Structure formats: structure tokens, C-alpha cells
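Undergrad: Just input-v1.csv, nothing more (CSV, C-alpha atoms and all ligand atoms):
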```
chain,number,residue,atom,x,y,z
Y,1,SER,CA,110.3,113.1,118.7
Y,2,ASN,CA,107.3,115.3,118.5
Y,3,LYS,CA,107.1,114.2,114.8
Y,4,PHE,CA,105.4,111.0,115.9
Y,5,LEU,CA,102.6,112.5,118.1
Y,6,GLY,CA,99.0,111.9,117.1
Y,7,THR,CA,96.5,109.1,116.6
Y,8,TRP,CA,97.3,106.4,114.1
Y,9,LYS,CA,94.8,103.8,112.8
Y,10,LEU,CA,95.9,100.4,111.3
Y,11,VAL,CA,95.1,100.3,107.6
Y,12,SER,CA,97.3,97.4,106.5
Y,13,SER,CA,99.2,94.3,107.9
Y,14,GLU,CA,101.5,91.8,106.2
Y,15,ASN,CA,102.9,88.7,108.0
Y,16,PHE,CA,101.5,89.3,111.5
Y,17,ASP,CA,100.4,85.8,112.2
Y,18,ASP,CA,103.8,84.4,111.4
Y,19,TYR,CA,105.4,87.3,113.5
Y,20,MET,CA,103.3,86.3,116.6
Y,21,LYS,CA,104.2,82.6,115.8
Y,22,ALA,CA,107.9,83.5,116.0
Y,23,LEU,CA,107.4,85.2,119.3
Y,24,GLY,CA,105.8,82.0,120.7
Y,25,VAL,CA,102.2,83.4,120.9
Y,26,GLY,CA,99.6,80.5,121.1
Y,27,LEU,CA,96.8,79.8,118.5
Y,28,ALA,CA,93.9,81.2,120.6
Y,29,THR,CA,95.7,84.5,121.3
Y,30,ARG,CA,96.9,84.6,117.7
Y,31,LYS,CA,93.2,84.4,116.4
Y,32,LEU,CA,92.4,87.6,118.4
Y,33,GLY,CA,95.6,89.3,117.4
Y,34,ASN,CA,94.7,88.8,113.7
Y,35,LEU,CA,91.2,90.2,114.2
Y,36,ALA,CA,92.5,93.4,116.0
Y,37,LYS,CA,92.5,96.7,114.2
Y,38,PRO,CA,94.3,98.8,116.7
Y,39,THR,CA,94.7,102.5,117.2
Y,40,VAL,CA,98.0,103.9,118.5
Y,41,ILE,CA,98.1,107.1,120.3
Y,42,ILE,CA,101.5,108.7,120.7
Y,43,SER,CA,101.8,111.5,123.3
Y,44,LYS,CA,104.5,113.4,125.2
Y,45,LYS,CA,104.8,115.1,128.5
Y,46,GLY,CA,108.1,116.8,128.8
Y,47,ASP,CA,110.7,114.2,127.8
Y,48,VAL,CA,108.5,111.2,128.7
Y,49,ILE,CA,106.9,109.6,125.6
Y,50,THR,CA,103.8,107.4,125.9
Y,51,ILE,CA,102.6,104.9,123.3
Y,52,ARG,CA,99.1,103.7,124.0
Y,53,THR,CA,97.7,100.9,121.8
Y,54,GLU,CA,93.9,100.3,121.9
Y,55,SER,CA,91.9,97.4,120.5
Y,56,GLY,CA,88.7,95.4,121.2
Y,57,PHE,CA,90.7,92.5,122.8
Y,58,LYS,CA,93.6,94.2,124.7
Y,59,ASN,CA,94.9,97.7,125.5
Y,60,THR,CA,98.5,98.4,126.3
Y,61,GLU,CA,100.5,101.5,127.3
Y,62,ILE,CA,104.2,102.1,127.7
Y,63,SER,CA,105.9,105.4,129.0
Y,64,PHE,CA,109.7,105.9,128.5
Y,65,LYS,CA,112.5,108.3,128.0
Y,66,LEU,CA,114.7,107.8,124.9
Y,67,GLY,CA,117.8,105.6,125.4
Y,68,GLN,CA,116.8,104.3,128.9
Y,69,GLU,CA,115.8,100.7,129.2
Y,70,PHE,CA,112.4,99.9,130.9
Y,71,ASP,CA,110.4,96.9,132.1
Y,72,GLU,CA,107.3,96.1,130.0
Y,73,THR,CA,104.6,93.3,130.1
Y,74,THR,CA,103.6,92.9,126.4
Y,75,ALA,CA,100.1,92.3,125.0
Y,76,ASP,CA,100.8,88.6,124.7
Y,77,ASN,CA,102.2,88.7,128.3
Y,78,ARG,CA,106.0,88.5,127.9
Y,79,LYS,CA,107.9,90.1,130.7
Y,80,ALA,CA,110.3,92.2,128.6
Y,81,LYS,CA,112.9,94.9,128.8
Y,82,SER,CA,112.9,97.5,126.0
Y,83,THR,CA,114.8,100.6,124.9
Y,84,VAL,CA,113.5,103.1,122.4
Y,85,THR,CA,115.8,105.4,120.4
Y,86,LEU,CA,115.4,108.1,117.7
Y,87,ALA,CA,117.2,108.3,114.4
Y,88,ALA,CA,116.0,110.6,111.7
Y,89,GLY,CA,112.3,110.0,111.0
Y,90,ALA,CA,112.3,106.7,112.9
Y,91,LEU,CA,111.6,105.6,116.5
Y,92,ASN,CA,113.3,102.2,117.0
Y,93,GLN,CA,112.5,99.7,119.8
Y,94,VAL,CA,114.5,96.7,120.9
Y,95,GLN,CA,112.6,94.4,123.2
Y,96,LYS,CA,114.3,91.5,125.1
Y,97,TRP,CA,112.9,88.7,127.1
Y,98,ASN,CA,115.0,85.6,128.3
Y,99,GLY,CA,117.8,85.2,125.7
Y,100,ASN,CA,115.4,86.5,122.9
Y,101,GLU,CA,115.2,89.9,121.0
Y,102,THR,CA,112.8,91.4,118.5
Y,103,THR,CA,112.8,94.9,116.8
Y,104,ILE,CA,110.0,97.3,116.2
Y,105,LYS,CA,110.9,100.2,113.9
Y,106,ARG,CA,108.4,103.0,113.4
Y,107,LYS,CA,109.0,105.0,110.2
Y,108,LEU,CA,107.1,108.1,109.0
Y,109,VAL,CA,106.1,108.1,105.3
Y,110,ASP,CA,103.9,111.0,104.0
Y,111,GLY,CA,101.0,110.9,106.6
Y,112,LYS,CA,101.6,107.2,107.4
Y,113,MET,CA,103.6,105.3,110.0
Y,114,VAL,CA,105.2,102.1,108.6
Y,115,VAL,CA,106.1,99.7,111.4
Y,116,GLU,CA,108.6,96.9,110.7
Y,117,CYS,CA,108.7,94.2,113.2
Y,118,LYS,CA,111.5,91.5,113.1
Y,119,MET,CA,112.0,88.2,115.1
Y,120,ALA,CA,114.8,86.1,113.7
Y,121,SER,CA,114.0,85.6,110.0
Y,122,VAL,CA,110.3,86.8,110.1
Y,123,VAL,CA,109.5,90.3,109.0
Y,124,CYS,CA,106.1,91.9,109.6
Y,125,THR,CA,104.9,95.3,108.3
Y,126,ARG,CA,102.0,97.2,109.7
Y,127,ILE,CA,100.8,100.5,108.2
Y,128,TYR,CA,98.9,103.2,110.2
Y,129,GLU,CA,97.3,106.3,108.8
Y,130,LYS,CA,97.3,109.6,110.7
Y,131,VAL,CA,93.7,110.5,111.7
L,201,LIG,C1,92.7,88.4,128.9
L,201,LIG,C2,92.9,89.0,127.5
L,201,LIG,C3,93.7,88.0,126.6
L,201,LIG,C4,93.6,88.2,125.1
L,201,LIG,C5,94.6,89.1,124.5
L,201,LIG,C6,94.5,89.2,123.0
L,201,LIG,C7,95.6,90.1,122.3
L,201,LIG,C8,96.7,89.4,121.6
L,201,LIG,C9,97.5,90.3,120.8
L,201,LIG,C10,98.9,89.8,120.5
L,201,LIG,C11,99.9,90.9,120.1
L,201,LIG,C12,101.3,90.4,119.9
L,201,LIG,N1,102.3,91.5,120.1
L,201,LIG,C13,102.5,91.8,121.5
L,201,LIG,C14,103.6,91.1,119.5
L,201,LIG,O1,101.9,92.5,119.5
```
If you took the structure in this file and wrote it as C-alpha cells, what would it be?
TA:
Amino acid sequence: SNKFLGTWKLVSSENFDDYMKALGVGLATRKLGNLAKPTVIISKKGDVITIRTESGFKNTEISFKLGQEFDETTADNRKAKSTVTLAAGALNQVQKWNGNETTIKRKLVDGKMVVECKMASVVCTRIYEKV
């Protein structure tokens, strides 16, 4: 949805270390991931949505159509397959690798994007402010 377009800067994080832990990210990569303060730029060209994530330590970018699975190499270097869908103020991603699955749900809240990330029992919340 065009609702999500813009540039969003991280202003808060809760439980990200434990989230990366649960995904099997190693200590040394985790230390960088916890110092990152990323910017997420969401753009759209026709029906192809691009989410670019920029930081001092790693940049990533995915382009996709809603509801169509796509291959992805993640920031921590998992070779994954993901699908993004749209439901009423939320863009929801399921990301799979091996027999494993994690969810990343981006929800809009008055000028902010609240992102809930879940891997088994671990819940992480990252808040971005439109800028
Ligand atoms: C050669 C560069 C290696 C250093 C990469 C540092 C970035 C680690 C960020 C981990 C992010 C975890 N993830 C994908 C779930 O968001």
C-alpha cells in the first residue's frame, strides 16, 4: 500500500538481541546489529514495492509484488523465501528458511511504523518515525 511509502528512522527497539539469537545469528554479528540505527525507505514503482534498509554496517533491499513468494538473502545471510501481504494498516511478511519461519509485521500508528518480529516464543518490537 502507498500508505507505507516514505523514509522511516529507528527511534526504539525492544528485545532485538534475543530476536537475532533465536534466528541463530552469531555474537559478533549480533554486536553490530545492536549498534545499528537503520533507516527504512519504502518506495513503489507500479505494483512492485521496494523496502531498502540502510545502516553503517549493512544495507539490504528487497523488491516484491504482494502475495507472490520471492527469494531473499537476509542481512545476517540466511537464504530465505518470503511473502508480503497487506491487511488494513499492516504489511505482513513471512520469511522461511530450512524448516524455520519468522514473521515481520509492520503496523502504522499515528506517524510511526511499529514492527513486530516473532521467532518461536521471542517477540521483538522496533519503532520507526516518519521523517
Ligand atoms: C560483511 C558485513 C557483515 C556484518 C553485517 C552486520 C549486520 C547484522 C545485522 C543483523 C540483522 C538481523 N536481521 C536480518 C534479522 O535483521
Undergrad: If you count only C-alpha atoms and all ligand atoms, which residues end up within 7 Å of ligand LIG 201 (chain L), as a ChimeraX atom specification?
TA: /Y:20,29-30,32-33,57-58,74-76
Undergrad: Return the single residue from Y:53, Y:27, Y:38, Y:100 that is closest to residue 12 (chain Y), with distances computed using only C-alpha atoms.
TA: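 Of Y:53, Y:27, Y:38, Y:100, the one nearest residue 12 (chain Y), counting only C-alpha atoms, is Y:38.
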Undergrad: For the atom pair CA of residue 122 (chain Y) and CA of residue 19 (chain Y), what is the interatomic distance in Å to one decimal place?
TA: 6.0 Å
Undergrad: Could you please determine the separation between CA of residue 91 (chain Y) and CA of residue 106 (chain Y) in Å, to one decimal place?
TA: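 Taking CA of residue 91 (chain Y) and CA of residue 106 (chain Y), their separation equals 5.2 Å.
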Undergrad: Just want the 9 Å neighbourhood of residue 64 (chain Y), counted on only C-alpha atoms, with same-chain residues fewer than 5 positions away dropped. Output as a PyMOL selection string.
TA: chain Y and resi 47-51+69-70+83-84
Undergrad: Between Y:103, Y:39, Y:98, Y:87, which is the closest to residue 120 (chain Y) once you count only C-alpha atoms?
TA: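 Going through Y:103, Y:39, Y:98, Y:87 one by one, the smallest distance to residue 120 (chain Y) is for Y:103.
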Undergrad: Which of these residues is nearest to residue 121 (chain Y), using only C-alpha atoms: Y:108, Y:60, Y:37, Y:102?
TA: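 Checking each candidate against residue 121 (chain Y), we get Y:102 as the closest.
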Undergrad: List the spatial neighbours of residue 125 (chain Y) as a PDB file with C-alpha atoms, in the frame of the given file - criterion: any atom at most 7 Å away, all atoms listed in the file, same-chain residues fewer than 6 positions off excluded.
TA:
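Below is the file around05.pdb, written as the result:
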```pdb
ATOM      1  CA  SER Y  13      99.200  94.300 107.900  1.00  0.00           C
ATOM      2  CA  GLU Y  14     101.500  91.800 106.200  1.00  0.00           C
ATOM      3  CA  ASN Y  15     102.900  88.700 108.000  1.00  0.00           C
ATOM      4  CA  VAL Y 114     105.200 102.100 108.600  1.00  0.00           C
ATOM      5  CA  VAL Y 115     106.100  99.700 111.400  1.00  0.00           C
ATOM      6  CA  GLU Y 116     108.600  96.900 110.700  1.00  0.00           C
ATOM      7  CA  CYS Y 117     108.700  94.200 113.200  1.00  0.00           C
TER       8      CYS Y 117
END
```
Undergrad: Quick one: pull the distance between CA of residue 95 (chain Y) and CA of residue 130 (chain Y), Å, one decimal.
TA: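 Atom-to-atom, CA of residue 95 (chain Y) to CA of residue 130 (chain Y), that is 24.9 Å.
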Undergrad: Using only C-alpha atoms, can you list as a list in words the residues within 10 Å of (115.0, 88.8, 124.9)?
TA: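 Here the neighbourhood of the point contains residues 78, 79, 80, 81, 82, 94, 95, 96, 97, 98, 99, 100, 101 and 102 of chain Y.
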Undergrad: Closest to residue 21 (chain Y) among Y:109, Y:72, Y:90, Y:34, using only C-alpha atoms?
TA: Y:34
Undergrad: Y:40, Y:124, Y:59, Y:71: which is nearest residue 4 (chain Y), counting all atoms listed in the file?
TA: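 That would be Y:40, the residue with the smallest distance to residue 4 (chain Y).
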Undergrad: Considering all atoms listed in the file, return as an mmCIF file with C-alpha atoms, keeping the file's coordinate frame whatever protein or nucleic-acid residues lie within 8 Å of residue 5 (chain Y), sequence-local ones (same chain, fewer than 4 positions apart) excluded.
TA:
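As written to disk, result_5.cif reads:
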```cif
data_model
loop_
_atom_site.group_PDB
_atom_site.id
_atom_site.type_symbol
_atom_site.label_atom_id
_atom_site.label_comp_id
_atom_site.auth_asym_id
_atom_site.auth_seq_id
_atom_site.Cartn_x
_atom_site.Cartn_y
_atom_site.Cartn_z
ATOM 1 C CA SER Y 1 110.300 113.100 118.700
ATOM 2 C CA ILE Y 41 98.100 107.100 120.300
ATOM 3 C CA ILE Y 42 101.500 108.700 120.700
ATOM 4 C CA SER Y 43 101.800 111.500 123.300
ATOM 5 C CA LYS Y 44 104.500 113.400 125.200
#
```
Undergrad: Given all atoms listed in the file as the basis, pick out the residue of Y:68, Y:55, Y:2, Y:77 nearest to residue 25 (chain Y).
TA: Y:77
